[PDB]
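Novice: Quick one: structure below, then a few questions.
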Amino acid sequence: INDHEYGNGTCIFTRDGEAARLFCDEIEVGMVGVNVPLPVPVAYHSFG
Amino acid sequence: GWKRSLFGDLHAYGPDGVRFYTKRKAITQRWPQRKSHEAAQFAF
Amino acid sequence: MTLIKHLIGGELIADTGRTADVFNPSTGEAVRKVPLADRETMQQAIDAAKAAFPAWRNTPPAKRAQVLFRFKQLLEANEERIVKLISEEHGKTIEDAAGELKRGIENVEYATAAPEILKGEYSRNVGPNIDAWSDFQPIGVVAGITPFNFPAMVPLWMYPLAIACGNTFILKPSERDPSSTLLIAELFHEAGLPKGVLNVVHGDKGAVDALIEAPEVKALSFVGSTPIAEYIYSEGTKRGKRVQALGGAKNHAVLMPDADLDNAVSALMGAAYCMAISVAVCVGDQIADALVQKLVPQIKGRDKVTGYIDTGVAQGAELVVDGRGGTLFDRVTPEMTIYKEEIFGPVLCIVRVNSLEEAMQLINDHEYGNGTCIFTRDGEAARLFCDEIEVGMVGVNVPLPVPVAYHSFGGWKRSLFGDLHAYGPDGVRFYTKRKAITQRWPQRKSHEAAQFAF
Amino acid sequence: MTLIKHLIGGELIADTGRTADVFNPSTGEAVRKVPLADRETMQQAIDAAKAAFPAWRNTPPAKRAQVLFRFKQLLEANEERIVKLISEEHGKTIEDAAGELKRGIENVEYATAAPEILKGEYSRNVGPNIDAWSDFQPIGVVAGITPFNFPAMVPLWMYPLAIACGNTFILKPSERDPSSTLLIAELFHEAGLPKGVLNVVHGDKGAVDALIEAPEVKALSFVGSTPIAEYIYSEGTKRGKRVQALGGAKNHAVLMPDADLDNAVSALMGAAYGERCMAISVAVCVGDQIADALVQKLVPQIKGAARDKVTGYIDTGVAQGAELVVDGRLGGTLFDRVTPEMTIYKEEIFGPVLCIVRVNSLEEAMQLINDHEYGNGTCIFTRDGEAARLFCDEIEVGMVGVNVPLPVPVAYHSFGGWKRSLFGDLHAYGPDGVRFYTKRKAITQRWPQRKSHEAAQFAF
Amino acid sequence: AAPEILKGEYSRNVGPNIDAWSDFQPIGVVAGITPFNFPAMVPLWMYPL
Ligand SMILES: Nc1ncnc2c1ncn2[C@@H]1O[C@H](COP(=O)(O)OP(=O)(O)O)[C@@H](O)[C@H]1O
Ligand SMILES: Nc1ncnc2c1ncn2[C@@H]1O[C@H](COP(=O)(O)OP(=O)(O)O)[C@@H](O)[C@H]1O
C-alpha cells in the first residue's frame, strides 16, 4: 500500500489489537478504518 | 509549498516546521462483537 | 528501652498502664514500648480537638495553605531521619521507605491547594433584599485509624486534606511502627499548626472502640484488614458517623486463551513473588495448564500459613508448589477457604473458568479490589472487560502501580493509589458538608435608639 | 372499569394475579385496578433491561441527548393530559400538578446535557507503547422506587439522568396513582427510546423485595417514608448495591428572642397551614417569652377508622403532657410544650400540625435539630448577626434560611453516602446524581509485540 | 515544547460501538543538508524539531 501512489482511505479487518495498532502506526494513508469503512467515496492521491 | 522562515519569530513560524515533519492521522475503530466468549472462540 | 509519648493538645504525654513492645523486624529484638490507651486518655484527645475546632474552622484559607506548605518543606528537610524510622520498625528497603514518603508528600502538596477548590458563590439580591450564598464547610472532629504497612503515607493521605478543609483530627496509628508517624505529626506542629488540631493517640481495639463510640467524632477513616474494616464500617454507620474503610482484598488477573504467556508470567511473577495480584483466573484449561508449566520452574528462589495451605489441600485444591516461600495452588474455587481468606505471603491461586463472562462475574461478585488485569491479544475481549469489570483501575497486558489490594466499603469511597488530582475531590467531599444559605434582615420603619437593647 | 398495564420490554403487558384498586378522592369511588407483580413478572423486566444495556451503553452521547430532547418536547406537548391524570388519582389542584410537571421537565432538561460533562481523556504512549485513558461509564441496570406525592417529578428526577448516563432502568412507582407515571414512560418510548431501556413494573412490598434481591440490579433509588427507606438502605447496601434513600422527616424553624414575629408567623403560617411552600412541623423557641408571644399571634390566624390515626395522635399528645392549644378536629392543630420524648415529636402525622418546643439556648436548639434524623431545610428567625452566623456554621441541615423560608415543600432525611438533594438547584446537586449512576475507570493498555506477522500467527 | 502542541483528540462511541481519534505522527527518516555560513544554527533549526 505504501510503495504506490497511496490514496486517501484504507481499512484493516482483524480481531488482533497488536496488528491494528501496527497498521495504524506504519500505514501512510491519512484516514484509517479498523473493522469499519470510511466516508471517502472516491480515491485520490495528493501531490506536492 | 513546504515553506519555512529561517529568521522569523520561532513561535510564529514554528508550526510550519512542525507540519513539515509530521503527518495527520485519523482513525475510526470498531471491534466487531461475538455472541459468546467461551475458550473455544480463541487460539492455541 | 525508651518510651514513645502521645501527642494530645499540642504536648507530648507519657502514659503508663497497659503497654506493648515495638520490635525491629530484621533484628528480631524489641526496641521500645507503646502505650495502649484507655477511654480517659482518648477523651482527652477528643476534648482537645473539639476545643481547637471553632478557631481552626475560622482560620483563613490562605493561612491554612501556609502552614501546610511549611509542613511540606519540613518533611523534605527531615527525609533521611524519617525514612530511617520507617525501615527500623517496619523493616523495608530504605529506597522503598523513601518512595513511600515521596507519596505522602504528594498528598501534602495536594492538600495545600484544597482551600482554592473550596470557594463558593455570593449573590446580592437573588430576591428582594434577599442574599444567597453557597459554602463548603468542615464537619467537625474526625478520626483516622492507620495500618502497619505505610506508617508515613496513609496518615498523610487522611489528615492533611481533612485539616486543610478545616476539621480537626485524631490519629490512632499502628502499634507496631508508630514512631515514624509521630515524628511527622510533630513536624506539623513545628510548621505552625495550632494545638489540638492534630492529635496522635496510640492504642488498640480499646482505643478504636473509644473513637467508634465517641459522639463528638463525625467521621471515621480506616485502612487495614477486611474483618476490622467491616466492623468499623457497620458499627460506625449505625451511630450516624461517616465511615471510609479500605479492607484488604485480592486483585485478580484474567488470562484469555490467546494471552502472551511470557508477558502474563512476567506480571504474575513480579506481583506474587510493582502490583499486588493473588488470583489468576484462566479462561479454558489449555491456558491454565500452560501457565502452570511456566510458573513452576520460576518459583525457585507464622503458624497461619501451614494452616492455610493444609485447608487448601483438604478442600480439593491442587497444591502445585509448596513453599514451606513460594506457594502455588491450582483448581481453586470460590467456595474454598483459600479463596475467601486472605493470607500474608507469596501465594498465588489459579481459578479455572469456561468463559470471560464467568471470569468477570467471579471478580465482580466478591469484595473486588482496586486493580485488575486482562491478558489477551483480542481487542473485543479487552474492550468488553474494561466496560463490564467494576474495578476502578484496569491493566490490559500490563500491570498497575497498586502494591496492596483493598476493597472500599459503603458510599464514602476513596482510592488510595489513584491519581491524587482525580480522586482528591472524593476526599474533599468526605471531609466537608455543602451548605446553601438564603438570608434577609427584615426591615424596620425607623431606627431610633428605642429600637435596640441595653 | 379500566386496568393499567405494565411496560416491560417495550410493550404493554396485562398481569392478572393479585390486584388492588386505585381510588380518586374526593370521591373515593374506585376508578381502576393495579397489578401487584410476582417475582416472575419482575424477572421479565430485569431480563429486558439486562438485554437492552449493552446496545444502549454504546449509543453515542449525542444520540442519547437527542432522544431526551424529544422526550422534553412530547411532555410539553401533552401537559394538559398528564396533569389531569395526576389530579385525578392523587387529588390536588391542577395548578400544583402542572407546577410539579414543570419541575420534572427541568430534570429532563438537565439530563439532556449530562453527556457533555461525561467525556474523558486519552494519552498515546504515556509509556513506551502504552496508552492510558480515563472514562466515566454507566454501572448497568438500576431501579427506582417512587412515592405517592409526585408521581410525575420524582421518577423524572431519577431515570432520565440515569439513562442519559447510559444505564437501563426499572421503575416501580406508587400503587395509588400509577397511571400518570406510566403515561410519561410511554411518551419516552414514543420519543425514540429503545425497548427495555425503561421498564415500569407495578406492585408493592413483594415487587420491591424482588428488586432488593435481584443481583443484576446494581443501584437502588428510593423516596418515601422513613421506615421503608431504612429498610431499603440497609438491606440493599448489605447486598452490595448502591442505595440512595430519602425518607420523610420534620423540618425545624428556630425563633430567637429578638425574632421579628410577623415575619416568623408569616413563614410558619405558610409552611404549616397556608406543594408551593416550605414544609415546617416544629418551631423551636429559645426562651419562654418568644414562645408565649408566638402562640398569641398564631392562634387567631389558625381560624381561616382512617380518621382514627389523627385522633390517636392528638390524644397521645395530651396524655404525655403537651399543651393542646388549638384542636383542629381536620383543621389547624397547634401543640405547645412539646419535648423530644413525646410520641407527637417522634411520629410524623399527615395534616396541618405544628409543635412548639421550648428550649433555653441556641446551642440546645441546634443540638435538638442535629441529634435527630435531620431534614432538608431549616430556618432561624433573629436580628442578631452572630446568632445567624453560628446557626449557619453549626447546623447540619444542607439548606438554611435566615428570616426567610426555603423552597422545600416536603421534608426528607437522606441516608448513607450516596446523597442526592430533591429540591436543590439542579445544576448544583446534579453531579451527585451523575456520580451515583456512573463509575470511574482508569485504563492502561499495551498490545505486546510479535517479531513477524505472517499468516501463520493468526486464526481461522 | 513541540510535544505539547502535538496532542490529539479521542472520542468514545462517535458511532455505535465505534471510537474515533486523531493523532499527529512523525513521517519516518528525514535528512538535512546544511550550508557553510551557520554550521551551528541551521542544523539546530532542522533536527531538534
Ligand atoms: N480487633 C480490632 N478492632 C478494632 N480495631 C483494630 C482491631 N485490631 C487492630 N485494630 C486497629 O486497626 C489497625 C489496622 O488493622 P489490622 O487489620 O490489624 O491491620 P494490620 O495488618 O496493620 O495488623 C491498627 O492500627 C489497629 O490498632
Ligand atoms: N414493608 C415494605 N417494604 C418495602 N417496601 C414497601 C413496604 N410497604 C410499602 N412499600 C413500598 O414502598 C413505597 C413507598 O413507601 P411509602 O413510605 O408507603 O410511600 P408513600 O409516601 O407514597 O406512602 C411504595 O411504592 C410501596 O410499594
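By order of appearance in the C-alpha cells: chains A, B, ..., then residues from 1 within every chain, and ligands from 1 in the order shown.
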Neighbours of ligand 1 within 9 Å, counting only C-alpha atoms and all ligand atoms, as a PyMOL selection string?
Specialist: chain C and resi 145-149+172-176+202-209+222-229+231-232+247-248
Novice: From chain B, collect each residue whose DSSP state is helix (DSSP H, G or I) and return the set as a list in words.
Specialist: residues 10, 11, 12, 13, 14, 15, 16, 17, 18, 19, 20, 39, 40 and 41 of chain B
Novice: For ligand 2, which of D:260, D:121, D:29, D:235 is the closest residue, counting only C-alpha atoms and all ligand atoms?
Specialist: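 When distances to ligand 2 are compared using only C-alpha atoms and all ligand atoms, the smallest one comes from D:235.
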Novice: Counting only C-alpha atoms and all ligand atoms, which protein, DNA or RNA residues come within 9 Å of ligand 2, given as a ChimeraX atom specification?
Specialist: /D:145-150,172-176,202-209,222-229,231-232,247-248
Novice: Chain B residues within 10 Å of chain C, counting only C-alpha atoms: which ones, as a list in words?
Specialist: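 Close to chain C, chain B has residues 30, 31, 32, 33, 34, 36, 37, 38, 39, 40, 41, 42, 43 and 44 of chain B.
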Novice: Using only C-alpha atoms, which chain D residues lie at most 9 Å away from chain A, written as a PDB file with N, CA and C atoms, in the first residue's frame?
Specialist:
```
ATOM      1  N   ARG D 446      -1.486  -2.000  26.581  1.00  0.00           N
ATOM      2  CA  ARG D 446      -0.366  -2.322  25.731  1.00  0.00           C
ATOM      3  C   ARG D 446      -0.717  -3.589  24.978  1.00  0.00           C
ATOM      4  N   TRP D 447      -0.364  -3.636  23.704  1.00  0.00           N
ATOM      5  CA  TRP D 447      -0.508  -4.830  22.902  1.00  0.00           C
ATOM      6  C   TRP D 447       0.879  -5.409  22.684  1.00  0.00           C
ATOM      7  N   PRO D 448       1.216  -6.480  23.411  1.00  0.00           N
ATOM      8  CA  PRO D 448       2.578  -6.974  23.357  1.00  0.00           C
ATOM      9  C   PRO D 448       2.920  -7.477  21.953  1.00  0.00           C
ATOM     10  N   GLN D 449       4.152  -7.222  21.547  1.00  0.00           N
ATOM     11  CA  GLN D 449       4.539  -7.306  20.129  1.00  0.00           C
ATOM     12  C   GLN D 449       4.912  -8.689  19.695  1.00  0.00           C
ATOM     13  N   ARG D 450       4.831  -8.929  18.395  1.00  0.00           N
ATOM     14  CA  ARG D 450       5.413 -10.114  17.772  1.00  0.00           C
ATOM     15  C   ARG D 450       6.595  -9.633  16.936  1.00  0.00           C
ATOM     16  N   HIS D 453       4.700 -10.957  11.364  1.00  0.00           N
ATOM     17  CA  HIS D 453       3.235 -11.058  11.260  1.00  0.00           C
ATOM     18  C   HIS D 453       2.811 -11.803  10.003  1.00  0.00           C
ATOM     19  N   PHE D 458      -1.985 -15.978  13.028  1.00  0.00           N
ATOM     20  CA  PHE D 458      -3.389 -15.598  13.268  1.00  0.00           C
ATOM     21  C   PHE D 458      -4.314 -16.829  13.093  1.00  0.00           C
TER      22      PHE D 458
END
```
Novice: Given a cut-off of 6 Å, which residues of chain B touch chain E, counting only C-alpha atoms, written out as a PyMOL selection string?
Specialist: chain B and resi 22-30
Novice: Give me a file of those residues, with C-alpha atoms, as a compact mmCIF listing (two decimals), in the first residue's frame.
Specialist:
```txt
# COMPACT_ATOMS: atom_id res chain seq x y z
CA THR B 22 4.50 15.40 10.77
CA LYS B 23 1.52 13.76 9.14
CA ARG B 24 -2.05 13.86 10.43
CA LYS B 25 -3.77 10.55 11.02
CA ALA B 26 -7.48 9.94 11.56
CA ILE B 27 -8.56 6.60 12.96
CA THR B 28 -12.03 5.12 13.25
CA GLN B 29 -12.23 1.81 15.15
CA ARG B 30 -14.71 -0.92 15.99
```
Novice: Interatomic distance between CA of residue 44 (chain C) and CA of residue 6 (chain C)?
Specialist: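 Here the two named atoms are 10.8 Å from each other.
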Novice: Taking only C-alpha atoms into account, which residues of chain A are within 9 Å of chain E, as JSON, numbers by chain?
Specialist: {"A": [25, 28, 36]}
Novice: Can you pull out the residues contacting residue 315 (chain D)? Cut-off 12 Å, using only C-alpha atoms, and skip same-chain residues under 2 positions away; I want them as a compact mmCIF listing (two decimals) with C-alpha atoms, in the first residue's frame.
Specialist:
```txt
# COMPACT_ATOMS: atom_id res chain seq x y z
CA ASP D 308 -58.74 7.41 63.98
CA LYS D 309 -54.99 7.92 63.19
CA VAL D 310 -55.16 11.67 63.90
CA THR D 311 -57.37 11.48 66.97
CA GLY D 312 -54.94 8.86 68.31
CA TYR D 313 -52.00 11.16 67.63
CA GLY D 317 -50.02 14.23 72.91
CA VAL D 318 -52.37 15.38 75.65
CA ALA D 319 -51.70 12.19 77.61
CA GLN D 320 -47.92 12.74 77.68
CA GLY D 321 -48.21 16.36 78.90
CA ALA D 322 -48.20 18.60 75.83
CA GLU D 323 -50.48 21.63 75.82
CA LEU D 324 -53.09 21.29 73.08
CA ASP D 327 -57.58 21.35 68.35
CA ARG D 329 -60.94 18.29 64.76
CA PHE D 335 -49.27 21.89 70.28
CA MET D 342 -43.13 12.58 73.27
CA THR D 343 -44.68 10.46 70.57
CA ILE D 344 -46.03 13.57 68.82
```
Novice: Please, which residues of chain A, numbered as in this document, come out strand (DSSP E or B) from DSSP, as a PyMOL selection string?
Specialist: chain A and resi 10-12+16+31-34
Novice: Next, the residues of the selection above should be written as a PDB file, in the first residue's frame with N, CA and C atoms.
Specialist:
```
ATOM      1  N   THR A  10      -8.002   3.804   3.908  1.00  0.00           N
ATOM      2  CA  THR A  10      -7.643   2.411   3.957  1.00  0.00           C
ATOM      3  C   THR A  10      -8.248   1.758   5.180  1.00  0.00           C
ATOM      4  N   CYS A  11      -8.483   0.457   5.071  1.00  0.00           N
ATOM      5  CA  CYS A  11      -9.065  -0.330   6.153  1.00  0.00           C
ATOM      6  C   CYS A  11      -8.211  -1.527   6.470  1.00  0.00           C
ATOM      7  N   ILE A  12      -8.303  -1.978   7.709  1.00  0.00           N
ATOM      8  CA  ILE A  12      -7.801  -3.293   8.079  1.00  0.00           C
ATOM      9  C   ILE A  12      -8.895  -4.034   8.818  1.00  0.00           C
ATOM     10  N   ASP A  16      -7.162  -8.828  16.050  1.00  0.00           N
ATOM     11  CA  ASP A  16      -5.936  -8.664  16.798  1.00  0.00           C
ATOM     12  C   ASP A  16      -5.647  -7.167  17.071  1.00  0.00           C
ATOM     13  N   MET A  31      -6.390   8.661   6.483  1.00  0.00           N
ATOM     14  CA  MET A  31      -7.549   8.145   7.200  1.00  0.00           C
ATOM     15  C   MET A  31      -7.544   6.620   7.222  1.00  0.00           C
ATOM     16  N   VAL A  32      -7.753   6.049   8.396  1.00  0.00           N
ATOM     17  CA  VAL A  32      -7.691   4.619   8.582  1.00  0.00           C
ATOM     18  C   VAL A  32      -8.941   4.104   9.282  1.00  0.00           C
ATOM     19  N   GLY A  33      -9.432   2.972   8.805  1.00  0.00           N
ATOM     20  CA  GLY A  33     -10.614   2.333   9.377  1.00  0.00           C
ATOM     21  C   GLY A  33     -10.268   0.962   9.866  1.00  0.00           C
ATOM     22  N   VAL A  34     -10.514   0.680  11.136  1.00  0.00           N
ATOM     23  CA  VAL A  34     -10.256  -0.628  11.711  1.00  0.00           C
ATOM     24  C   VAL A  34     -11.600  -1.313  11.884  1.00  0.00           C
TER      25      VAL A  34
END
```
Novice: Residues of chain D within 6 Å of chain C, counting only C-alpha atoms - could you list those as an MDAnalysis selection string?
Specialist: chainID D and resid 398:403 417:418 441:446
Novice: Name the residues in contact with residue 97 (chain C) at a cut-off of 6 Å, using only C-alpha atoms, excluding same-chain residues fewer than 3 positions from it; report them as a VMD selection string.
Specialist: chain C and resid 83 94 100
Novice: Would you write out those residues with N, CA, C and O atoms, as a compact mmCIF listing (two decimals), in the first residue's frame?
Specialist:
```
# COMPACT_ATOMS: atom_id res chain seq x y z
N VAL C 83 12.83 8.29 57.02
CA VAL C 83 12.90 7.02 56.35
C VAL C 83 13.58 6.02 57.27
O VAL C 83 13.08 4.89 57.47
N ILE C 94 15.23 0.92 52.42
CA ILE C 94 15.27 2.37 52.59
C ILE C 94 14.76 3.07 51.31
O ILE C 94 14.08 4.10 51.39
N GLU C 100 7.79 5.78 49.63
CA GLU C 100 6.54 5.94 50.38
C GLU C 100 6.37 7.40 50.81
O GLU C 100 5.31 8.00 50.60
```
Novice: To one decimal place in Å, what is the distance between CA of residue 9 (chain D) and CA of residue 167 (chain D)?
Specialist: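 Atom-to-atom, CA of residue 9 (chain D) to CA of residue 167 (chain D), that is 14.9 Å.
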Novice: Between CA of residue 338 (chain D) and CA of residue 384 (chain D), what distance in Å does the model show, to one decimal?
Specialist: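 Taking CA of residue 338 (chain D) as the start and CA of residue 384 (chain D) as the end point, the length is 25.8 Å.
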Novice: Excluding residue 137 (chain D) and any residue of its chain fewer than 6 positions from it, enumerate the residues within 8 Å of it, using only C-alpha atoms, and give them as a list in words.
Specialist: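 The residues that qualify are residues 387 of chain C; 165, 166, 438, 439, 440 and 441 of chain D.
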Novice: Pull C-alpha atoms from the residues just selected and write them as a short mmCIF file (atom, residue, chain, number, x, y, z; two decimals), in the first residue's frame.
Specialist:
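Output below, filename selection.cif:
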```
data_model
loop_
_atom_site.label_atom_id
_atom_site.label_comp_id
_atom_site.auth_asym_id
_atom_site.auth_seq_id
_atom_site.Cartn_x
_atom_site.Cartn_y
_atom_site.Cartn_z
CA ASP C 387 -16.54 -1.95 30.11
CA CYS D 165 -25.54 8.30 31.68
CA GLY D 166 -26.13 5.08 29.74
CA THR D 438 -21.66 6.17 36.98
CA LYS D 439 -18.36 4.52 37.79
CA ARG D 440 -14.95 5.98 37.08
CA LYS D 441 -12.40 3.87 35.24
#
```
Novice: I need the contact residues of chain D against chain B, so if you could list those with any atom within 12 Å, counting only C-alpha atoms, and return them as number ranges by chain, that would help.
Specialist: D: 54-55, 58, 456-460
Novice: Keeping only C-alpha atoms, write the selected residues to a file as a PDB file, in the first residue's frame.
Specialist:
```pdb
ATOM      1  CA  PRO D  54     -25.002  -3.262  26.038  1.00  0.00           C
ATOM      2  CA  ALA D  55     -26.567  -1.607  22.978  1.00  0.00           C
ATOM      3  CA  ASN D  58     -22.617   2.098  23.306  1.00  0.00           C
ATOM      4  CA  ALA D 456       0.632 -18.438  10.470  1.00  0.00           C
ATOM      5  CA  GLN D 457       0.396 -16.175  13.560  1.00  0.00           C
ATOM      6  CA  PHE D 458      -3.389 -15.598  13.268  1.00  0.00           C
ATOM      7  CA  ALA D 459      -6.542 -17.819  13.480  1.00  0.00           C
ATOM      8  CA  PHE D 460      -9.152 -19.332  11.107  1.00  0.00           C
TER       9      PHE D 460
END
```
Novice: For chain D against chain E, with a cut-off of 10 Å and counting only C-alpha atoms, what is the closest atom pair and its distance in Å to one decimal for every residue that makes the cut, ordered by chain and number, as a tab-separated table?
Specialist:
```
residue	atom	partner	partner_atom	distance
D:54	CA	E:17	CA	9.6
D:55	CA	E:16	CA	7.8
D:56	CA	E:16	CA	8.8
D:57	CA	E:17	CA	8.8
D:58	CA	E:17	CA	5.2
D:59	CA	E:16	CA	5.1
D:60	CA	E:13	CA	5.0
D:61	CA	E:13	CA	7.5
D:62	CA	E:14	CA	8.5
D:63	CA	E:15	CA	9.0
D:119	CA	E:11	CA	7.9
D:120	CA	E:11	CA	8.4
D:121	CA	E:10	CA	7.2
D:122	CA	E:10	CA	6.1
D:123	CA	E:7	CA	8.1
D:124	CA	E:7	CA	8.6
D:133	CA	E:10	CA	9.4
D:135	CA	E:12	CA	8.9
```
Novice: Do a neighbour search on residue 79 (chain C) at 12 Å with only C-alpha atoms, toss out local chain neighbours closer than 3 positions, and write the hits as a compact mmCIF listing (two decimals) with C-alpha atoms, in the first residue's frame.
Specialist:
```
# COMPACT_ATOMS: atom_id res chain seq x y z
CA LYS C 72 5.82 20.00 53.13
CA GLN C 73 9.22 21.76 53.45
CA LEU C 74 9.96 20.40 56.92
CA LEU C 75 9.28 16.86 55.60
CA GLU C 76 11.55 17.32 52.58
CA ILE C 82 12.09 9.82 58.75
CA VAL C 83 12.90 7.02 56.35
CA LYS C 84 15.37 5.56 58.88
CA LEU C 85 12.47 5.40 61.33
CA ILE C 86 10.23 3.53 58.87
CA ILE C 94 15.27 2.37 52.59
CA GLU C 95 14.61 3.01 48.87
CA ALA C 97 10.58 3.74 52.55
CA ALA C 98 11.79 6.92 50.77
CA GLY C 99 9.40 6.25 47.87
CA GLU C 100 6.54 5.94 50.38
CA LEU C 101 7.34 9.32 51.93
CA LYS C 102 7.60 10.90 48.49
CA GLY C 104 2.96 11.16 51.45
CA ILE C 105 4.47 14.47 50.41
CA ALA C 152 4.05 7.56 56.66
CA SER C 180 7.76 7.39 62.24
CA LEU C 183 7.64 12.32 64.17
CA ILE C 184 5.69 13.58 61.11
CA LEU C 187 6.93 18.36 62.37
```
Novice: Applying 12 Å and only C-alpha atoms, which residues near residue 5 (chain A) remain after dropping the ones on its own chain fewer than 2 positions away? List them as a compact mmCIF listing (two decimals) with N, CA, C and O atoms, in the first residue's frame.
Specialist:
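And here is the file that came out, result.txt:
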```
# COMPACT_ATOMS: atom_id res chain seq x y z
N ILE A 1 0.82 -1.21 0.00
CA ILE A 1 0.00 0.00 0.00
C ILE A 1 0.86 1.28 0.00
O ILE A 1 0.59 2.21 -0.77
N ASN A 2 1.89 1.29 0.85
CA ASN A 2 2.77 2.45 1.00
C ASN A 2 3.63 2.76 -0.22
O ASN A 2 3.89 3.93 -0.50
N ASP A 3 4.06 1.72 -0.93
CA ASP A 3 5.00 1.90 -2.05
C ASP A 3 4.39 2.41 -3.34
O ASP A 3 5.12 2.65 -4.28
N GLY A 7 -3.69 6.28 -1.58
CA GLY A 7 -4.92 7.03 -1.58
C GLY A 7 -5.22 7.78 -0.30
O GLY A 7 -4.32 8.08 0.49
N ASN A 8 -6.50 8.03 -0.11
CA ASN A 8 -6.99 8.86 0.97
C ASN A 8 -7.79 8.07 2.01
O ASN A 8 -8.38 8.66 2.90
N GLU A 28 0.76 4.78 5.60
CA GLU A 28 0.95 6.21 5.32
C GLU A 28 -0.32 6.93 4.88
O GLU A 28 -0.30 8.14 4.69
N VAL A 29 -1.42 6.20 4.78
CA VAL A 29 -2.68 6.81 4.37
C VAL A 29 -3.21 7.61 5.55
O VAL A 29 -3.08 7.22 6.69
N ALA A 43 -11.29 7.63 -4.44
CA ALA A 43 -9.89 7.56 -4.06
C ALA A 43 -9.04 8.58 -4.80
O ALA A 43 -9.10 8.66 -6.02
N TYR A 44 -8.25 9.34 -4.05
CA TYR A 44 -7.33 10.34 -4.63
C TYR A 44 -6.01 10.30 -3.90
O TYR A 44 -5.95 10.03 -2.68
N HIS A 45 -4.97 10.54 -4.68
CA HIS A 45 -3.62 10.76 -4.16
C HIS A 45 -3.39 12.27 -4.26
O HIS A 45 -3.90 12.94 -5.18
N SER A 46 -2.65 12.81 -3.30
CA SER A 46 -2.41 14.25 -3.21
C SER A 46 -0.95 14.51 -3.58
O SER A 46 -0.06 13.90 -3.01
N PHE A 47 -0.72 15.42 -4.52
CA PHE A 47 0.63 15.80 -4.94
C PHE A 47 1.16 17.04 -4.20
O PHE A 47 0.40 17.91 -3.75
```
